[PDB]
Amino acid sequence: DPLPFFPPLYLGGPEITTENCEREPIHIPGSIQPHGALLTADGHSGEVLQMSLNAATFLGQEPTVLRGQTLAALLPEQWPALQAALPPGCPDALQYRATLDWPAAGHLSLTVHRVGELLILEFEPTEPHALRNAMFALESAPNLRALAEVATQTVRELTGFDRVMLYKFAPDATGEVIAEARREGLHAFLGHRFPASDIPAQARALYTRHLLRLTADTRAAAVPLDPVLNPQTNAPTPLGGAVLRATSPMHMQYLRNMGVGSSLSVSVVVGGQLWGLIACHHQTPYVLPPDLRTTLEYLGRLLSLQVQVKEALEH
């Protein structure tokens, strides 16, 4: 039965169990993962509204100084580029990405999308022809199995993960791991089927719009936004589009029970429907640089294209 969301935990909304998984409002945790920083600021005036508590550690600035300034004074060169690439009324999937030279944190990756009248700003630290060779490999795959096989090994060879899996959905939302490149000693997941209440209904929806989510350390503690609610509206901040969005404690409990430390999955969208995920497991905590994650963001599109062209020939 599809039911609507609870309030979050910070708006008096109940604690989650296995009975009511589909009612968690995962899109509004009011908190980011600690490996980066996140501001939200005004769409038009550039007024810095909220920030993650740890934004000082990362930006080498105090909140009182930060929040008492505009994005014009803070990001003088970037601000017009933000305005130009993210005009008003544009979709929240659209991101503008840039590099900074921040004196305290070194080179900083700035990712920015708009959510109504709210520019969400992310900050991460950031540090030869392997994707091109990967591109032509996938295309010259003879069939959907050799496509799936090369994608998973390519993805592993680029990223360095313990278990990379291409996971495919079925018509009734049941899934099954169709290919994997794994670490030597790890027990296979190849050909396991998994029930429909594993990736729940509110999750699969969000995963069709935004095509890359991750979890760095399944033992880390969510860094909360400050203030937790959006001053514009006095309502939760839509952090569904943010990659720094903290992962749910239901999900973190699960991954710890498997001996997993880090997780990454690229979505594969065919016909505007979630065809499958390129999931990645790691036994230790593992942060992937944003510039390297851009390579995987590309592979998701590339694979989504070939997935279709392969299935056209299977008929």
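From 1 onward, residues are counted along the sequence shown.
- Going from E127 to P128, you skip over 4 to 9 residues of the deposited sequence that the entry leaves unmodelled.
- Note on 219-227 vs 199-207: mean CA B-factor is higher in 199-207.
- Of the two segments examined, 150-158 and 77-85, it is 77-85 that shows the higher average Cα temperature factor in the deposited entry.
- For the set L239, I178, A105, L121, the PDB entry assigns the largest Cα B-factor to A105.
- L39: CA B factor lies in the lowest third for its chain, per the PDB record.
- Residue-level temperature factors show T57 in the highest third of its chain, judged at the C-alpha atom.
- Looking at the C-alpha B-factors along this chain, the one for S248 belongs to the lowest third.
- Ranked against the other modelled residues of its chain, the C-alpha B-factor of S267 as given in the entry falls in the lowest third.
- Ranked against the other modelled residues of its chain, the C-alpha B-factor of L9 as given in the entry falls in the middle third.
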